[PDB]
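None of the figures in this text is laboratory data; all of them are computed from the coordinates on show. Cβ placement follows ideal geometry from the backbone for every residue including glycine, while neighbour counts extend to all protein chains displayed.
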Amino acid sequence: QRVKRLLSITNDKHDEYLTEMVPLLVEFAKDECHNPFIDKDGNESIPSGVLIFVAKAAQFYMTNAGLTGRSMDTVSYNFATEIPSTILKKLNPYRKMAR
């Protein structure tokens, strides 16, 4: 139905692999704002809108460029200059938004 194509990939196979790439982007890039993307144990935290970003950003990037990439499927990561340009504005809308 094509609906399965979203969850049959980097959800059912890799919900833990694509989603972690993005709190390297959301937590590093947001560290700028000083806002609570951190939890009470000192672990990672992500809200609802920035969550649609973590999943859709990395299911676009990992499913495309871990393979049709050419710069390796696990490396000293590109997250700082990669993960698609348009969704990168969805990194920010929760708290602070800029500084």
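In whole angstrom, how far apart do the alpha carbon centroids of region 2-52 and region 61-80 sit?
If you average the Cα positions of each part, the centres end up 17 Å apart.
Could you give the length gained on full extension between residue 20 and residue 52, defined as 0.36 nm per residue of separation minus the Cα-Cα distance, in nm?
Result: 10.2 nm gained on full extension.
Can you give the Kirkwood hydrodynamic radius for the chain, in Å, rounded to one decimal and based on Cα pairs?
On the way: mean 1/r = 0.0708 Å⁻¹.
Taking the inverse mean of 1/r over all distinct Cα pairs, the chain comes out at 14.1 Å.
Quick one: if the Förster radius is 22 Å, what FRET efficiency do residue 65 and residue 1 give, using the C-beta to C-beta distance and rounding to 0.05?
Numbers: r = 26 Å, r/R0 = 1.19.
The computed FRET efficiency comes out at 0.25.
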